[PDB]
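First up is the structure itself, then whatever we jot down about it.
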There are 2 protein chains.
Amino acid sequence: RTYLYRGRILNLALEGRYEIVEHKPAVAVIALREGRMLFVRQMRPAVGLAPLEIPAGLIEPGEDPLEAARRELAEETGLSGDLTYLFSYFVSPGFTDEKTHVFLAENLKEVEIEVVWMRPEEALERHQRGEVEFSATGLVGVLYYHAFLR
Amino acid sequence: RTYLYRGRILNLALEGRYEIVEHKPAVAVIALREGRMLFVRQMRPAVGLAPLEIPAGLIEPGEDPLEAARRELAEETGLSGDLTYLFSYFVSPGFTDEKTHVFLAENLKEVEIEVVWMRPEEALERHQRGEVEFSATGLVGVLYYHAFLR
């Protein structure tokens, strides 16, 4: 485990042959209201475009997944709600250890990037038409809705 | 766009403040047979464990997504089938440009890591119990099934 770079949100290391990118764990929040899902968009220099995502972010020091989920929902959309843990996933285990914890938010209330309320059916259609790209969190939100929230 | 490292499956660059990891695009194949989903597991040094994934891999030079999907299904499970493009997603647009193209495989036939046939319902239950971890591809497969393949 030799380190080649120790950065802000990532570290680049080598385990002999394998190139490993260490990354802080993250959270994502799925929220549905009046048939619309709470998506967010922001310029992502890594991809050169703004994909359709759901409220998400990195877990800060001293914070657990649930707390980070609450914070991200508030900071990105100005909302708070009753959160329930759903599941987790490694974004790309072939090279990074980033693990994302997904939560469901209910009974939303306004307590205070681009907020994009959109019916998941429309988000899926737009994507199929090539009009918009998805982040893993955005796609997971869309699929989760079609599977359990209809 | 300053490069700090040019590796095998990734490049580490900087766009002033943003740390960007360039990565080859990938493919993932969702396949269902007799109610069981085709999962695969392999040791992932990046995470130190073997998460539940679906046949997947990097697109090779001169190959398009569909062709890579065919190859990965054959190389990892020894199967071939009729493939249909479903959707795509950026694994983590906050730092990497890795884009995954997801396909559905039908009418599987044996033409020639660990092959794990499992009912998606069981995969979800095991995960909820903390018995197994999911890769983004594995979770997407599970959610897609519950949403459109039941």
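Simple scheme: letters A, B, ... for chains in structure tokens order, numbers from 1 for residues in each chain, numbers from 1 for ligands in the order shown.
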Just want the 10 Å neighbourhood of region 134-136 of chain B, counted on only C-alpha atoms, with same-chain residues fewer than 3 positions away dropped. Output as a ChimeraX atom specification. /A:87-94,99-100,136-137,140 /B:28,41,50-54,89,91,100,123-124,127,139-142
What lies within 9 Å of residue 106 (chain B) using only C-alpha atoms, ignoring chain neighbours under 5 positions off, as JSON, numbers by chain? {"B": [30, 31, 32, 33, 80, 81, 82, 83, 84]}
Within 9 Å of residue 120 (chain B) using only C-alpha atoms, minus same-chain residues under 4 positions, as a ChimeraX atom specification: /B:35-37,124-125,141-143,145-146
Keeping only N, CA, C and O atoms, write the selected residues to a file as a CSV table (one decimal), in the first residue's frame.
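selection.csv, written as the output of this step:
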chain,number,residue,atom,x,y,z
B,35,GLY,N,-36.1,-16.7,-12.3
B,35,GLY,CA,-36.2,-15.9,-11.1
B,35,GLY,C,-34.9,-15.5,-10.4
B,35,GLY,O,-34.9,-14.8,-9.4
B,36,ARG,N,-33.8,-16.1,-11.0
B,36,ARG,CA,-32.5,-15.8,-10.4
B,36,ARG,C,-31.7,-14.7,-11.2
B,36,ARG,O,-31.8,-14.8,-12.4
B,37,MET,N,-31.1,-13.8,-10.5
B,37,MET,CA,-30.3,-12.8,-11.2
B,37,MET,C,-28.8,-13.3,-11.3
B,37,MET,O,-28.3,-14.0,-10.3
B,124,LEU,N,-31.2,-8.8,-1.8
B,124,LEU,CA,-31.6,-7.6,-1.1
B,124,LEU,C,-31.7,-7.9,0.4
B,124,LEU,O,-31.3,-7.1,1.3
B,125,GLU,N,-32.3,-9.0,0.8
B,125,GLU,CA,-32.4,-9.5,2.2
B,125,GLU,C,-31.1,-9.6,2.8
B,125,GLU,O,-30.9,-9.1,3.9
B,141,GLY,N,-28.9,-3.6,-10.6
B,141,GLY,CA,-29.5,-4.9,-11.1
B,141,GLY,C,-30.7,-5.3,-10.2
B,141,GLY,O,-31.8,-5.5,-10.8
B,142,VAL,N,-30.5,-5.2,-8.9
B,142,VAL,CA,-31.5,-5.6,-8.0
B,142,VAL,C,-32.7,-4.6,-8.1
B,142,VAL,O,-33.9,-5.1,-8.1
B,143,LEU,N,-32.5,-3.3,-8.1
B,143,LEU,CA,-33.6,-2.4,-8.2
B,143,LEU,C,-34.3,-2.4,-9.6
B,143,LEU,O,-35.5,-2.3,-9.6
B,145,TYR,N,-34.7,-5.1,-11.4
B,145,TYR,CA,-35.5,-6.3,-11.4
B,145,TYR,C,-36.8,-6.0,-10.7
B,145,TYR,O,-37.9,-6.3,-11.2
B,146,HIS,N,-36.8,-5.5,-9.4
B,146,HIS,CA,-38.0,-5.2,-8.7
B,146,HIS,C,-38.9,-4.2,-9.3
B,146,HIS,O,-40.1,-4.2,-9.2
To test your reading of the structure, identify every residue in region 12-120 of chain A that backbone DSSP assigns to alpha helix (DSSP H), and report it as a list in words.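 Filtering region 12-120 of chain A to alpha helix (DSSP H) leaves residues 65, 66, 67, 68, 69, 70, 71, 72, 73, 74, 75, 76, 77 and 120 of chain A.
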Show which residues sit within 7 Å of residue 21 (chain B), as a ChimeraX atom specification. Count only C-alpha atoms, and ignore same-chain residues fewer than 2 positions away. /B:10-13,19,23,95-97
Using N, CA, C and O atoms, can you export the residues from the last selection as a PDB file, in the first residue's frame?
ATOM      1  N   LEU B  10      -6.441   4.327 -14.889  1.00  0.00           N
ATOM      2  CA  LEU B  10      -6.815   5.663 -14.442  1.00  0.00           C
ATOM      3  C   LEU B  10      -5.696   6.687 -14.542  1.00  0.00           C
ATOM      4  O   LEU B  10      -4.514   6.344 -14.568  1.00  0.00           O
ATOM      5  N   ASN B  11      -6.099   7.950 -14.609  1.00  0.00           N
ATOM      6  CA  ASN B  11      -5.179   9.078 -14.662  1.00  0.00           C
ATOM      7  C   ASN B  11      -5.641  10.031 -13.571  1.00  0.00           C
ATOM      8  O   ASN B  11      -6.844  10.183 -13.348  1.00  0.00           O
ATOM      9  N   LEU B  12      -4.697  10.641 -12.864  1.00  0.00           N
ATOM     10  CA  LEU B  12      -5.038  11.604 -11.825  1.00  0.00           C
ATOM     11  C   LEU B  12      -4.657  12.980 -12.348  1.00  0.00           C
ATOM     12  O   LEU B  12      -3.507  13.213 -12.729  1.00  0.00           O
ATOM     13  N   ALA B  13      -5.633  13.880 -12.390  1.00  0.00           N
ATOM     14  CA  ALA B  13      -5.404  15.231 -12.881  1.00  0.00           C
ATOM     15  C   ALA B  13      -5.973  16.279 -11.936  1.00  0.00           C
ATOM     16  O   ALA B  13      -6.685  15.956 -10.986  1.00  0.00           O
ATOM     17  N   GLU B  19      -9.845  17.760  -8.091  1.00  0.00           N
ATOM     18  CA  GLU B  19      -9.031  16.565  -8.284  1.00  0.00           C
ATOM     19  C   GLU B  19      -9.878  15.627  -9.137  1.00  0.00           C
ATOM     20  O   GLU B  19     -10.948  15.187  -8.710  1.00  0.00           O
ATOM     21  N   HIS B  23     -11.072   7.792 -16.033  1.00  0.00           N
ATOM     22  CA  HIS B  23     -11.257   6.348 -16.008  1.00  0.00           C
ATOM     23  C   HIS B  23     -11.994   5.900 -17.268  1.00  0.00           C
ATOM     24  O   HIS B  23     -12.878   6.603 -17.760  1.00  0.00           O
ATOM     25  N   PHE B  95     -15.856  13.269  -8.722  1.00  0.00           N
ATOM     26  CA  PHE B  95     -14.406  13.145  -8.859  1.00  0.00           C
ATOM     27  C   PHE B  95     -13.893  12.348 -10.056  1.00  0.00           C
ATOM     28  O   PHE B  95     -12.740  12.511 -10.449  1.00  0.00           O
ATOM     29  N   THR B  96     -14.726  11.477 -10.619  1.00  0.00           N
ATOM     30  CA  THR B  96     -14.303  10.666 -11.759  1.00  0.00           C
ATOM     31  C   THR B  96     -15.283  10.747 -12.924  1.00  0.00           C
ATOM     32  O   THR B  96     -16.460  11.051 -12.734  1.00  0.00           O
ATOM     33  N   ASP B  97     -14.783  10.483 -14.128  1.00  0.00           N
ATOM     34  CA  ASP B  97     -15.614  10.514 -15.325  1.00  0.00           C
ATOM     35  C   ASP B  97     -16.088   9.126 -15.757  1.00  0.00           C
ATOM     36  O   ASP B  97     -16.661   8.979 -16.838  1.00  0.00           O
TER      37      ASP B  97
END
Non-local contacts of residue 85 (chain A) (7 Å; only C-alpha atoms; under 3 positions in same chain excluded) as JSON, numbers by chain: {"A": [102, 103, 104]}
